[PDB]
């Protein structure tokens, strides 16, 4: 079911936890830097050949990182987890994305950047909290095995496709937006 994820074709091998954390921080910094000169008054400005506004772009990352953190926190607390979310299934990502916009896009860029920054720090704490086995071997978290229909994904794959991969593709999109609008 997780193959419905839009970055399922951008998987990566990692050597260890440190390599994973370093890549998340590097790609996050390059992505977030692009918003430094985007004014709040243009956060909802839509460019023609770009799907999302700057706020919707940030809202998407806040949305997904909030979900990954929730799956693990809920499991840590002994709960049974529904993925990708309680309201939407893996074949309803389009609706989940609109929910991200409705839930988060109205916030200021400053507030969205603060939330994403906090989430990157929490994801690093999560990586540090799991053994190398829990992170890199299959069948270590019930939430990661929850939707499997074809190939199994280890915890690190879920972290990677929701951080390193979109930070790269959405950085391309926000740069395109700035070239047009600014």
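Residue numbers count along the first chain shown, from 1.
Judged by mean Cα B factor in the deposited record, 99 to 107 ranks above the other of 99 to 107 and 67 to 75.
Stretches 150 to 158 and 43 to 51 differ in mean CA B factor, with 43 to 51 having the higher one. The residue among 127, 38, 62, 144 whose C-alpha atom has the highest B-factor in the PDB entry is 38. The deposited CA B-factor of residue 176 belongs to the highest third of values across its chain. For residue 123, the recorded CA temperature factor ranks within the lowest third of the chain's modelled residues. Residue 169 sits in the middle third of its chain by CA B factor, as recorded in the PDB entry.
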